[PDB]
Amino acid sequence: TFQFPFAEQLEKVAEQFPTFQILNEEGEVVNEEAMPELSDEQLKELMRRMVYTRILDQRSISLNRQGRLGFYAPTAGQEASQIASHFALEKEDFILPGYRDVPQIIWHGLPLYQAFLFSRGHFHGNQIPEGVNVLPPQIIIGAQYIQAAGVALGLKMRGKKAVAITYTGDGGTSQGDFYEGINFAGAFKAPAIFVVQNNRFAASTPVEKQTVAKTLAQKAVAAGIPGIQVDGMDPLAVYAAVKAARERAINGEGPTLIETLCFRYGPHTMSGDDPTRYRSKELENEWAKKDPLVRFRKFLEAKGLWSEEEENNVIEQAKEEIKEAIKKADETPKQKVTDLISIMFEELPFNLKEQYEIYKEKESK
């Protein structure tokens, strides 16, 4: 009986998405051809931001357990994926983050205290400064993808040499909006950078239960747009991939899908989630040697561009800044129902005009 070469098809396709790597586990350069052009001062800055973000995570988790912070989704381990990707952007680029991509929007202009206010649940946390191009973290997995396509189309229509970049996890690739997002951007040849951060888990769910696709980057084939799989624990690789995608997008060649192979050391969120219910210890210890901070530290040290003195300074600077941010958030006046009513429409409808008076009356005491 006649047989179709299904196996060859699956192998050949997956073969077109090899893991892109620049720095290995030991801080050694395995691809000088693709080495991004970065000055000594930029290399330092990137390291500083990755170290800074590690402490932020540690500080956020602590604060959440103290009841000082509310909703928090740990980031430790995804520094290269989040920080190096952002390091390739420009002010004009528009970020559409998810619930875990708070670090990206901080570095892009969102004050730290407002990030904490988002965690607590205060509207002011989402009052992004004018000129800062980001949206507050998206709670609906996939929503950011179809919005990103529209933002990218907007930039293209106004003829701006900028890109829209968005982020989702391995789990999000199963959503319809994820596929519609990348397809629309492809159909409109819109300057959008789609990042998929594959930390192997969607909450308790391993990435194998999501899809049988060998890679997640190959999902771009469905949209007819380029796809790249990169070592998400490699700062240079992540940066290089995003920079290329940015260059390609501003030149008007369309969107690109990037899958970063990373791993988070903390729990899914800081409310109930216990990692020991779905993953092993001999799996956590492995990705510890893959820590983005480790390989990049060795890489910089061999160049004599980094030291434990500079690293400790960044660490203490981070703590001091976290200190002031949590204080500034606590000092933010509490929300009144009248506040939430006023921000509903430009000009309130009748039902809200009435209710506004009711609560304005109640708030007078």
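Numbers follow the displayed sequence, beginning with 1.
Higher mean CA B-factor, judged across 110 to 118 and 202 to 210 from the recorded values: 202 to 210. Of the two stretches examined, 317 to 325 and 51 to 59, the record assigns the greater average C-alpha temperature factor to 317 to 325. Based on the entry's C-alpha B-factors, the most elevated value among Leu96, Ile225, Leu293, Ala149 belongs to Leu293.
Residues shown: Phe71, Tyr265, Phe184, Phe194. Highest C-alpha temperature factor in the entry: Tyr265. Per-chain ranking of the deposited C-alpha B factor places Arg100 in the lowest third.
Ranked by Cα temperature factor within the chain, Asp170 sits in the lowest third according to the deposited record. The deposited CA B-factor of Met270 belongs to the highest third of values across its chain. In the deposited entry, the Cα temperature factor of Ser280 sits in the top third of values across the chain's modelled residues. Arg246: CA B factor in the middle third of modelled residues in this chain (values from the PDB entry).
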